[PDB]
Amino acid sequence: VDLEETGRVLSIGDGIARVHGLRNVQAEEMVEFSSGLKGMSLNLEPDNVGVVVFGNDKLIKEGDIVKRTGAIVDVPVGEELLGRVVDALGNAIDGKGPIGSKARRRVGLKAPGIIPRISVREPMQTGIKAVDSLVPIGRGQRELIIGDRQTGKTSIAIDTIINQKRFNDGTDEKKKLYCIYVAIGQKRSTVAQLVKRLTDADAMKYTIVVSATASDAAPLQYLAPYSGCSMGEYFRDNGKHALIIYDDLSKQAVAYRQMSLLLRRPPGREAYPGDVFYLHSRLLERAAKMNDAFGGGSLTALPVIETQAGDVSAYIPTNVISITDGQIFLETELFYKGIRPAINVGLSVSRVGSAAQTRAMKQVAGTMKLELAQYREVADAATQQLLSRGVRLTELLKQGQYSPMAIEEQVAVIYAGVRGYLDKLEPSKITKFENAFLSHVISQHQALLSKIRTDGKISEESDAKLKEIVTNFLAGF
Amino acid sequence: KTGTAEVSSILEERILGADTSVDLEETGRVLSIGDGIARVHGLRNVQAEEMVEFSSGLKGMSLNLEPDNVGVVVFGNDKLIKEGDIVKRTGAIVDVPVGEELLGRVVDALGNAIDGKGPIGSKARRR
Amino acid sequence: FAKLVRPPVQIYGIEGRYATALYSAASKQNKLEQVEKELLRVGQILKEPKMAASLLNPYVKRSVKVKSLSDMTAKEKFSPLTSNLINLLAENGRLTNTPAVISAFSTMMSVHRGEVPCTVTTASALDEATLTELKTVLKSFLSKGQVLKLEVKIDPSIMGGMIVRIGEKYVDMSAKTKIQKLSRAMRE
Amino acid sequence: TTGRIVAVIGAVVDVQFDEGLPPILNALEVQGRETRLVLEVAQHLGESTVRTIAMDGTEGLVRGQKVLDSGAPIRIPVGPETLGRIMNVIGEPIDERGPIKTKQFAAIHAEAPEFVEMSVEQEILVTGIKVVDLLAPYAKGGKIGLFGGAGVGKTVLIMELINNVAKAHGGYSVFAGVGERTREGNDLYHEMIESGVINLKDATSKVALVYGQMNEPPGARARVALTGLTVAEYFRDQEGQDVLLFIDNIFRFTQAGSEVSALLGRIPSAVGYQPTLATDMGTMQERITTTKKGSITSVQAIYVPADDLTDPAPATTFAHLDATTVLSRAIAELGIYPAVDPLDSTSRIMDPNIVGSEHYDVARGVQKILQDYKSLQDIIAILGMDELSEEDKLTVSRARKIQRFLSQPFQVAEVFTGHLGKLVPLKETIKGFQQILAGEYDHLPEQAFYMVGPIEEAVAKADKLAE
Amino acid sequence: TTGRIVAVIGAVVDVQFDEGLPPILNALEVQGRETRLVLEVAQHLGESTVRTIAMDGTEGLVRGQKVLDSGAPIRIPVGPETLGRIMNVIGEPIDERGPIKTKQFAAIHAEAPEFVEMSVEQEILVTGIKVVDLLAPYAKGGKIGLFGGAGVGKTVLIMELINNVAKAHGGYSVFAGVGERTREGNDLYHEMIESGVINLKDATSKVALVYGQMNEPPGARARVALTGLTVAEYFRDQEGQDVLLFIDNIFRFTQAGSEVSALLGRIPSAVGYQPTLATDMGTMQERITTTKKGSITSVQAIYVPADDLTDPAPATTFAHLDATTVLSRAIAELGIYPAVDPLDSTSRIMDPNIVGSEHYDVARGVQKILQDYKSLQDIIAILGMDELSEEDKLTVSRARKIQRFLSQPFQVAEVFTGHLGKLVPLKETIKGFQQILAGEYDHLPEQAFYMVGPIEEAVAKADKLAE
Ligand SMILES: Nc1ncnc2c1ncn2[C@@H]1O[C@H](COP(=O)(O)OP(=O)(O)OP(=O)(O)O)[C@@H](O)[C@H]1O
Ligand SMILES: Nc1ncnc2c1ncn2[C@@H]1O[C@H](COP(=O)(O)OP(=O)(O)O)[C@@H](O)[C@H]1O
Ligand SMILES: Nc1ncnc2c1ncn2[C@@H]1O[C@H](COP(=O)(O)OP(=O)(O)O)[C@@H](O)[C@H]1O
Ligand SMILES: [Mg+2]
Ligand SMILES: [Mg+2]
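Chains B, A, S, E and F, in that order, are what the protein sequence lines are.
Going letter by letter, the first sequence gives residues 23 to 401, 411 to 508 in the deposited numbering.
No gaps in the numbering here: position 42 of the second sequence is 43 in the deposited numbering, and each next residue is one more.
No gaps in the numbering here: position 27 of the third sequence is 27 in the deposited numbering, and each next residue is one more.
No gaps in the numbering here: position 222 of the fourth sequence is 230 in the deposited numbering, and each next residue is one more.
No gaps in the numbering here: position 370 of the fifth sequence is 378 in the deposited numbering, and each next residue is one more.
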């Protein structure tokens, strides 16, 4: 037997096979076991090779034949993946046929350096009033979504994905965003329901879904984020824009801790190895924004973290807060109370997207942010006014589910709210007024919203016409 | 890697064909002794949790049966046990006397009277 | 246990334990020279590319390896000591460090016949007369009956002089060390 | 294939197979044993040696005993003949009623249904219980956590769920007891026999029990949940119906996994749990789903160590739960039964997109009024009942009526309440609570709502007690 | 010489030389790679093997590959031609502007200055930040450390210090970004290009940049602090100038070590940390001293894991600094910015013989009142601020006024908040705190001091509040 391009599994167990042979196997190279699984050769040792199996170790046996594929761990990338679900290795799992991709990218490829990048200058629209007005997200940014169990983070991600359809249905190739959704250590039922929800919103034609659900071996959950990030780097390096949503990046950390402990590595703080920070920074440093000498493409990243009992100063939350360009703190208290999305605008910030915000939204959201900030500090006459306006705004930023808004409607609604037109309306009816007003402006006055969208600003004539519309409607309410 | 029975004494025995005059099925030779744990070579026919008896009158329970050796826990001070001793099977898992003959008697963990009131009746035994 | 006769030089490790067992076994029955010769023989016998390829594969069962080694030993008419040693190394799966065992026994037998390895290092080579007086004086260092095993390396890194190792004894009449000594003491 | 025991360290047994190695997870039978001993393979140490976790006491094993390779993982008898039969992890009956005769055997180590064998639409499991169906509906094919578990009605509630599900939808049920006290196991067997969910005579049972005793080695208490899943998966796939699977307790599942991991010699993770905690839980919880054929709805009893909700065990199990029920000692005191905490109970599918707008609005109104009454009770305790308004005394009355109506008489508790059990459909529950909230019944007495079925029973009770 | 790879585990590679062995810290080149892969030797394992740490990704290394000894440690280009450039661990330009043309290379592993070289001078460096200047006055030529968890203001503060100090600095400057965001390095590069501190088309650049950002393996993050240290050591010793050395984040230098220590077969210390934590930190940090040949005013941002100041890394770093500045997450949550904790922050030059008697007295009065307020806080939180004597209420009011007044608007945060950056000369700081302490401003509202420059701006704000 060829003891150079082939070896025999010395010892399986723990999901780390020890192979004997493969004398010409490169480090981090992908090998294929006889049964059908695949593995990655971490430890080129003098006498054996430590291969982590991307699958269930039950299928591997001592004596099996490992054959090196000859290439570093890589995944199929391209336009052919849009609309398909795939496992962590790029093999389709929705049973719609072979993936059929021409290009393969390494999952361990290095992030772009300091010269390729450029400041974030374009907005990534999420159709969530709170996110778009108070913590804007640019294109190329890395905006952590950090929360708890059932506080509405996957809802933010899916609202973003569904909202991108306004642009992916148009013709401007410079605004189309191709979304990617990586599901790690997450119930497969949820992934299937999410894929159906996307298909019902016609949001799969530009969405890839990478699955590493809880029934998948630890190495697959470890490797799914990198497969997704390569699938997105393809678009980034080809002058197109992409948006990848790792969900969650704490399940990946748990999987990596399993992998490390089973390899008998020195546990650190909370038994996590020392590489966890490197594990995540290696990943989130690829969400860049290339400059026009490199294509001008971008790759946004929306990592998701689940704190434990609201602890934001934990180990992994603090690592990813030290890696990312902002935060969206979803508070469980607010969510249970009734505020949804439950974004805690006090603690949620955006390092970069502030400059990428749209002018029309920028001017209105500036005064919205000042008013909310003032209200936050007082919770007589001026105090009563601040409480009233703050409650109006807070009830204004409540939103439904799977119903993203175009920027123009957000501008109209927030403008009505901040200019004090609702200062007399009872605080409970603000949502009803909002839903009626949106229908009104979306039915009759399309010219105004279209002009705002095209001009990209609330011009003085646009301001006057919007004033007229809101005052007349408030009169007829 | 390494085994605890790879000490040069066992290998010396086995090289010059001296391992055939020793009965390694019902007897063993203590390889190590320390902190109340003895590691014994041989006793190939010894059952888990069986009671073995050392040459110096002590007893022990064989808990760890590994490929190379048997890990016996000694029922007393390991002062009397020395490397090279001889350990013999008793053949039976540990059991204790039972019956109404124990009532009113102070006994130790193995059913031996320790109150100095005389032998213990003990018609029946139980594992 | 059997009071094994200790070797002169203690080799340590797995090879050390196997070699000490072999040396104790041979020293009684007095078969040290023959067993050393047989060890040198098996040094080449196992080295054969076919045998080496068939013994470094851990997927041939230990049964097959022991059977093949028994056949080879019978075909070579060895002492029972060496045959049992090879069988023991095969059962324990210690064949990959057999050459280590032979090397250990070689080191252990060399000291048995009274040899003290020596090393001489100089900037350049030596004239045979000077090497002869070196032999004489170094034999003066040794004790009675202790043959010498000279090795004369040439190290140009040193600037001259001589360096001599006799066992653990060491004498450094080299230019480099004296330059270092003067430079340091003078620097103080 | 035949191997030999080479080592025995506690509950871990290292075997040696000269001919050919069995794959991991196989089951090996030790030959020369007075009672069947099965070893599950877990590692391939090399040199043809395997390391196995024992499913029974390893005492009395010898280095050299022959071990026979079955060739497939633990295979248990599954079918309709397991209903009403207790059986341990390896499938041997332990109720001493003879062999479990079946024409089917299933391996307990299976894989979760593929991504295409998955229902894409949520559902609701109607259990016929007002509080469960209104404030915390049980998703079909979704895990439900059940808290409390001490003299509050956990067993009676489990039995009522079994009966209702076997009566409304006709599906059977499995009760996997992970680390079950033998005393409580026998008590539960007899309670089931009494209420009628098990029938020893006519073979019309509705539940198949699988007990992993509390004195079995750690390698057995870790796999009984898988035996229960296999027995339930037969009914899902082969019988094509909706099954219930009661796992009591799930914390004991995690504990047994942790002990096995430690015994095999693995470094513990955060709080001393196995490094494979998340995957050990996920491999099991991912087989409780709604395939396109049937479905398995699981009900884990859950224990929270140190009362810490962030401990890795419940922190990991809560990631899988699709609902929650909280039996409270404070409500069994009031005579309300089932003593389900209406406000602490939670559900993921309590969403207008899933349960419909009317159901969602009724549930939210009931929760709001109950919270209002809870807040008002402080004022009643401190400032006295007189301090209330007239738009608050009315809410107090309505909330008391709602609390009474949320109670129900169970069919498996007719020897505790003197009434006759009711299985209230969903529409009846929603209409009753909608009417009570609207105020249509403000003239009735509160006790007319206690322990009744649909609202019409409350009307009849009012007529019978007032006249 | 020529050796061959024998083992490749993570970033740790074993290389076997049959001929002469390379000494320790000596660098080797892996022959046969697309780019330059440098392996720094770290140990001799016997049997003519050396363990080494790779300064770049090790994917693609084949056992038996060839490695060529280089004869000297990693030698980087140093000189006045490394100003305005960007370098990496091994001295290769990464700005895509051409090779760094210098006539003189420096090994990054030099030894620390001897004892007869230290300088005892102790001046004061004015930074224009009220909290830093009053309580923890930075010193010229000393080491400064900004301790803080994630997202408390380390980089914003260090950029403010860059702006202020290195705009009024006639000497050179060196920013070594070790283990921080790559986009932060890009923003710094472009801010300097715009601000004139870098001329891409001239020879009047005054900042040398080195970058080992987080995306690089542990071997590059470990040894990138030494590259910046060498670039600064040249400008100190040879050029005999006064250098600024900003490091952000130095924790990533020790962290990276603990990533390779595990693979070097070393027993871990207190919390997974390498056994050699303090020795490595000492050998790195004693080369940043200001000797008699020149001066280095090093500012280091230090990350506190999980906000734990008891961690071995920050706890060990504390002993290597003149002035510390402990940014706190609680204070940042109160809105105060910079979040400097006035009581954890310290300094060596906070001596009446260096700063004065009014500066010293004011600093101690502020600290005393803040400590009294901290003592009261626990009671204030439960019993309420009504169960306080009048002296205690006065202390609370003054302490809150002082807490707010220590907050300041930075110019680097003009984009964040829209305010205008403010510098506050030392005399104005001392005068304002004197006035607040004496009680001259007890009639103002405490929110009149929030984020203002000198105190007269607080008075103007208070007047505007009245309207
Ligand atoms: N904007 C919203 N309005 C109303 N309800 C919402 C909103 N967002 C989320 N929810 C509710 O919150 C529940 C959980 O939402 P979601 O799955 O987004 O949270 P999650 O953090 O992803 O949950 P998990 O942590 O379990 O994955 C959903 O069932 C949904 O009904
Ligand atoms: N629907 C009900 N009607 C009457 N009594 C009930 C009902 N549900 C629970 N109980 C009471 O709760 C007690 C505990 O029951 P059970 O749950 O079987 O024990 P455990 O809580 O220990 O499992 C019983 O004594 C029973 O009287
Ligand atoms: N002078 C300031 N004004 C307002 N906000 C500030 C100021 N300094 C720091 N911050 C806060 O600090 C955050 C940036 O944290 P940063 O220091 O970049 O993180 P790290 O501590 O990881 O370096 C900003 O989002 C901002 O809210
Ligand atoms: Mg989610
Ligand atoms: Mg920073």
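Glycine included, C-beta positions come from ideal geometry on N, C-alpha and C.
> Can you find a heavy atom of ligand 1 that lies under 6 Å from the Cβ of residue 174/B?
Replying inline: Working through the first sequence from its first residue, we reach residue 174/B at position 152. At least one heavy atom of ligand 1 is nearer than 6 Å to the Cβ of residue 174/B, so yes.
> Does the beta carbon of residue 84/S sit closer than 7 Å to a beta carbon anywhere in chain A?
Replying inline: Here residue 84/S refers to the residue found at position 84 when the third sequence is read from its first residue. By this cut-off, residue 84/S is an interface position.
> Rounded to whole angstroms, how far is the Cβ of residue 409/B from the Cβ of residue 161/B, which I believe are closer than 8 Å?
Replying inline: Residues lacking coordinates in chain B include everything strictly between 401 and 411, among them residue 409/B.
> Which of the residues in the segment 28-50 of chain B, read from start to end, lie with their CB under 8 Å from any CB of chain S?
Replying inline: 30, 32 and 42
> Where do the N-terminal and C-terminal ends of the beta strand (DSSP E) with residue 51/F fall, by residue?
Replying inline: Indexing the fifth sequence from 1 puts residue 51/F at position 43. First-last of the beta strand (DSSP E) with residue 51/F: 46-52.
>> Under 6 Å: does the beta carbon of residue 337/B sit that close to some heavy atom of ligand 3?
In response: Locating residue 337/B in the first sequence gives position 315, counting from the first residue. False, no ligand heavy atom lies under 6 Å from that Cβ.
> residue 344/B: beta carbon under 6 Å from a heavy atom of ligand 3?
Replying inline: Along the first sequence, read from residue 1 onward, the residue named residue 344/B stands at position 322. Indeed, a heavy atom of ligand 3 lies less than 6 Å from the Cβ.
> Quick one: which chain B residues come within Cβ less than 7 Å of residue 59/S?
Replying inline: Walking along the third sequence from the start, residue 59/S turns up at place 59. Those within 7 Å of residue 59/S in chain B are 30 and 85.
>> Rounded to whole angstroms, what is the Cα-Cα separation between residue 50/E and residue 171/S?
In response: Sequence index remark: in the fourth sequence, residue 50/E carries index 42 (1-based). Sequence index remark: in the third sequence, residue 171/S carries index 171 (1-based). The straight-line gap from Cα to Cα measures roughly 60 Å.
>> Taking the straight line between their C-alpha atoms, what separation do you get for residue 107/A and residue 18/A?
In response: Residue mapping note: residue 107/A aligns to position 106 of the second sequence, counting from 1. Residue mapping note: residue 18/A aligns to position 17 of the second sequence, counting from 1. Distance between the alpha carbons of residue 107/A and residue 18/A: 52 Å.
> Name the chain A residues whose beta carbon is nearer than 9 Å to that of residue 20/S?
Replying inline: For this step, residue 20/S is matched to residue 20 along the third sequence. By Cβ distance, chain A contributes 9, 12 and 13.
>> Tell me the DSSP secondary structure of residue 282/B in three-state form.
In response: Here residue 282/B corresponds to residue number 260 of the first sequence, with the count starting at 1. Three-state result, residue 282/B: helix.
> Enumerated in chain order, which unbroken segments of the beta strand (DSSP E) with a length of 3 residues or greater are wholly contained in the segment 127-169 of chain B?
Replying inline: 166-169
>> Using a Cβ-based criterion (distance less than 6 Å to any ligand heavy atom), does residue 161/E qualify as near ligand 2?
In response: Walking along the fourth sequence from the start, residue 161/E turns up at place 153. Yes; taking the cut-off as 6 Å, the Cβ of residue 161/E has a heavy atom of ligand 2 nearer than that.
>> So, at 8 Å on beta carbons, what are the nonlocal neighbours of residue 115/S in its own chain, with the 5 sequence-adjacent residues on each side left out?
In response: To locate residue 115/S, count along the third sequence from 1; it is residue 115. Cβ within range, chain order: 146, 147, 148 and 149.
> To the nearest angstrom, how far is it from the Cα of residue 126/A to the Cα of residue 97/A?
Replying inline: By one-based count along the second sequence, residue 126/A stands at place 125. By one-based count along the second sequence, residue 97/A stands at place 96. Cα to Cα, residue 126/A sits roughly 6 Å from residue 97/A.
> What is the DSSP secondary structure of residue 378/B, reduced to helix, strand or coil?
Replying inline: Here residue 378/B refers to the residue found at position 356 of the first sequence. Of the three classes helix, strand and coil, the one that applies to residue 378/B here is helix, per DSSP.
> Quick one: is residue 194/F buried, meaning 16 or more other Cβ sit within 10 Å of its Cβ, or exposed?
Replying inline: Numbered from 1 along the fifth sequence, position 186 holds the residue referred to as residue 194/F. With 16 or more other Cβ atoms within 10 Å, it is buried.
>> Looking at residue 294/E: is its Cβ nearer than 7 Å to the Cβ of residue 120/E?
In response: As a position in the fourth sequence, residue 294/E is number 286, starting the count at 1. As a position in the fourth sequence, residue 120/E is number 112, starting the count at 1. Going by C-beta atoms, residue 294/E is nearer than 7 Å to residue 120/E.
>> Is the beta carbon of residue 79/F closer than 7 Å to that of residue 12/F?
In response: Here residue 12/F is taken as the residue at index 4 of the fifth sequence, counted from 1. Here residue 79/F is taken as the residue at index 71 of the fifth sequence, counted from 1. Cβ distance not < 7 Å, so residue 12/F and residue 79/F don't count as in contact.
> Buried or exposed: residue 318/F, going by 16 or more other Cβ atoms within 10 Å of its Cβ?
Replying inline: Translated into the one-based positions of the fifth sequence, residue 318/F becomes position 310. The residue in question, residue 318/F, is exposed, as its Cβ has fewer than 16 Cβ neighbours within 10 Å.
>> Along the segment 218-247 of chain F, where does the CB come closer than 7 Å to a CB of chain B? Name the residues.
In response: 219, 222, 223 and 226
>> If we require 3 or more residues per run, which beta strand (DSSP E) segments fall completely within the segment 228-274 of chain B?
In response: 229-234 and 263-269
> For the segment 54-83 of chain A, which residues have a CB atom closer than 7 Å to at least one CB atom of chain E, in sequence order?
Replying inline: 65, 66, 67 and 68
>> For residue 406/F and residue 440/F, I'd like the C-alpha separation in whole angstroms.
In response: Within the fifth sequence, the letter at position 398 stands for residue 406/F. Within the fifth sequence, the letter at position 432 stands for residue 440/F. Approximately 13 Å between the Cα atoms of the pair.
>> Using only the alpha-carbon positions, how far apart do residue 382/F and residue 335/F sit?
In response: Residue 382/F sits at position 374 when you count from the first residue of the fifth sequence. Residue 335/F sits at position 327 when you count from the first residue of the fifth sequence. Spanning the two alpha carbons is a distance of roughly 17 Å.
> Looking only at its own chain, which residues have a Cβ that is under 7 Å from the Cβ of residue 280/F, when we skip the five neighbours before and after it?
Replying inline: Counting from one through the fifth sequence, the residue named residue 280/F turns up at place 272. The residues are 266.
> In the segment 183-216 of chain B, which residues sit with their C-beta less than 8 Å from some C-beta in chain E, listed in chain order?
Replying inline: 207, 209, 210, 211, 213, 214 and 215
> For ligand 1, any of its heavy atoms closer than 6 Å to the Cβ of residue 359/E?
Replying inline: Taking the fourth sequence and counting its residues from 1, one reaches residue 359/E at position 351. For ligand 1, at least one heavy atom lies less than 6 Å from the Cβ of residue 359/E.
>> What would DSSP say about residue 32/A, mapped onto helix, strand or coil?
In response: The sequence position of residue 32/A within the second sequence is 31, counting from 1. Residue 32/A: strand per DSSP, three-state reduction.
> Between the C-alpha atoms of residue 259/B and residue 314/B, what's the straight-line distance to the nearest angstrom?
Replying inline: Against the first sequence, residue 259/B aligns to sequence position 237. Against the first sequence, residue 314/B aligns to sequence position 292. The straight-line gap from Cα to Cα measures roughly 11 Å.
>> If I measure Cβ to Cβ from residue 275/F and keep anything under 8 Å in the same chain, skipping five residues before and after, which residues do I get?
In response: Taking the fifth sequence and counting its residues from 1, the one referred to as residue 275/F is at position 267. Correct list, in chain order: 283.
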